[PDB]
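UniProt numbering puts the sequence shown at residues 76 to 146. We treat Cβ as the ideally placed atom computed from N, Cα and C, and that holds for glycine. The structure under discussion appears below in the form of structure tokens.
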Amino acid sequence: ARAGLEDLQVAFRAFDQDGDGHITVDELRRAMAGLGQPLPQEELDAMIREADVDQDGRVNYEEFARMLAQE
Numbered sequence: 076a077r078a079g080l081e082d083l084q085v086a087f088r089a090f091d092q093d094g095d096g097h098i099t100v101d102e103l104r105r106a107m108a109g110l111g112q113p114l115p116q117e118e119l120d121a122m123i124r125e126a127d128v129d130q131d132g133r134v135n136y137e138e139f140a141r142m143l144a145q146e
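Spelled out as structure tokens, the structure:
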């Protein structure tokens, strides 16, 4: 389909809980090494701000994708 979305769900699958579970934002940064841009500090940082579901760096694993594609 597309990066951003498919890429990011495939990213998630490194450190996913189980679907509408939680990610570890840092693990997320690690996961991106599987994609192409390992330690994409900016691309992650950009998403880090969106990854604020709690008030820290917890994101609903699925809901994340919805924020990735902030359109």
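Sorted by chain position, which residues of the same chain lie with C-beta nearer than 8 angstroms to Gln-112's C-beta, five sequence neighbours on each side aside? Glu-118
Cβ distance (whole Å) where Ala-126 is taken to contact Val-100 below 8 angstroms: Contact flag correct, Cβ pair sits at about 5 angstroms.
What is the residue span of the beta strand (DSSP E) that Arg-133 lies within? 133-135
List the whole-angstrom C-beta distance separating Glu-102 from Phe-90, where the pair is believed to meet the contact cut-off of C-beta under 8 angstroms. 3 angstroms
Buried versus exposed, by CB contacts within 10 Å (16 or more), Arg-141: exposed
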